[PDB]
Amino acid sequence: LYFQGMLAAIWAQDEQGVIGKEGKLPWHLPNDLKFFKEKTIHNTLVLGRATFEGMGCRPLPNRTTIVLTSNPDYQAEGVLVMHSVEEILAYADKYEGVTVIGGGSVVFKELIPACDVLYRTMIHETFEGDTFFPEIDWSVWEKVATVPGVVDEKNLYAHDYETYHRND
């Protein structure tokens, strides 16, 4: 499922629902970033400011990044800056590809009801962090695929890649 104008949400979480430690990933799992890379290249990536800043304000190459903030004067290295959910949606509608929500928690909670696809990496382990995937309405979502992740010297944690589509 990959239509133009589509909104998708992508995240990685541990078994507790931890998605971040003060903007940072509390684990290292190179395969997940690869998965992230695949779903976001040549698309638009939407980030809340805290998440953006946890990435050192560095935009990722080969895609458009939108950063969401209420601060009218916020500016940063080579990203679109937008200031409301409504702004994200207007952009998403006209965009020639997928608008992918990359986080963080606040952004996920308010934008996932507009999304058509969920991509999640479930990491079967627990870590310390302060940011959790939010409570959402799962009743409207349906798991349509799941792939186990490869474990090797570089990837030390059992994990799964899950895709959900909507009921309606």
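One rule holds for the numbers: they count along the sequence shown, beginning at 1.
Checked against the record, the higher mean CA B factor of 10-18 and 149-157 lies with 149-157. In this entry, the higher average B-factor at the C-alpha atoms falls on 54-62, of the pair 54-62 and 107-115. Among all modelled residues in this chain, the alpha-carbon of residue 128 has a temperature factor (C-alpha) in the highest third. The deposited CA B-factor of residue 42 belongs to the highest third of values across its chain. In this PDB entry, the Cα temperature factor of residue 49 sits in the bottom third of its chain's modelled residues, the lowest group. In this PDB entry, the Cα temperature factor of residue 99 sits in the top third of its chain's modelled residues, the highest group.
Per the deposited record, the Cα B-factor of residue 28 falls in the highest third when ranked against the other modelled residues of its chain.
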